[PDB]
Amino acid sequence: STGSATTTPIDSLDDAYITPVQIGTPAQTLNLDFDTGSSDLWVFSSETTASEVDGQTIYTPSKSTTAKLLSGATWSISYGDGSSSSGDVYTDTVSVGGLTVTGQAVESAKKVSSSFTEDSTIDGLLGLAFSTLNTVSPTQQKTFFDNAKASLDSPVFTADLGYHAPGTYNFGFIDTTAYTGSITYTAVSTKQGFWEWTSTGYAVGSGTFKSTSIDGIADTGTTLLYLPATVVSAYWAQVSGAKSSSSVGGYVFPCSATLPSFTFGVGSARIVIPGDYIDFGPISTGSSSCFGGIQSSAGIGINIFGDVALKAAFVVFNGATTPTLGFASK
């Protein structure tokens, strides 16, 4: 089997991407944030505290003839941005782009933090990291990909995120028309439960390539590119007027400035992030100060190849017995 679904930016800045997901019988379609940095499929629901729901579409398990309470099960998660959610668990039928999993753990939110309430466009998350990170207790649950894997034509999924435009998640096949050149594959460590890999270096604009190992994760659920402070400093030093603002919480720059591209290494191959991808607009309405899309990972404890980086590439998440990551230009 295979599946193919369009993923759409939630706003004009590509702050996140939502993908429609069918849950239950009859189908209840929710728009979920596909997150290769986590491993819980959780949704706004009829069980979510009423005051914490503000415009989201909810899953109502009582209206699904295939929903079954996973008795005794609870879940609770926190994310890198300080947001969180928790609740209980049902199993139900879940379909993405024509690909159907029966008995998928669907984690129903009883509580969500303010960040989630305040974002009306995201109805929940669909985690695509390794199932070892899944927070369901007492019995850890498998991700949608893990459940689908054996049925797929090939045990892979791909992320093809758009810049200020829709893109595609495919399951079970590699669309050879979706990228240019060849796909370069690189080793993955699953030791922290992430799609963790080592970039071979970087360049800023037309500058010479710096060979240096950068360990990080391929994370569709993180908006920006978070790299070591040295790398980030080297980038913004090439932008006139750029500075790191503690009050804002990162690098900002005048929008009159031209942003250089940023290149990262995948083995001997090179992915070029165009400068425009690194512009996240005014820090506040009417401000001449713009927020940068490349920021320091210092104090995150890990480097994150988020959407800014991933949307410059066609990315293969290869879930073979020994997982790997593939990157192509497009």
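FYI, residue positions are counted from 1 along the chain as it appears here.
From the backbone N, Cα and C atoms, a Cβ is placed for every residue, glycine too.
Pulled from Swiss-Prot, these are the features on record:
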- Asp35: active site (ACT_SITE)
- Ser199: active site (ACT_SITE)
- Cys255-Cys290: disulfide bond (DISULFID)
- 17-328: domain 'Peptidase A1' (DOMAIN)
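All features noted in Swiss-Prot, drawn onto the structure.
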| residue | record | Cβ neighbours (10 Å) |
| --- | --- | --- |
| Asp35 | active site | 21 |
| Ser199 | active site | 22 |
| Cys255 | disulfide bond | 15 |
| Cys290 | disulfide bond | 23 |
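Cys255 (disulfide bond) falls outside any helix or strand according to DSSP and counts as coil. DSSP gives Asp35 (active site) a strand state. When the Cα of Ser199 (active site) is compared against those of the recorded positions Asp35, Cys255, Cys290, the shortest separation belongs to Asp35. When the alpha carbons of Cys290 (disulfide bond) and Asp35 (active site) are compared, the span between them is 26 angstrom. For the pair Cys255 (disulfide bond) and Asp35 (active site), the Cα-Cα distance reads 30 Å.
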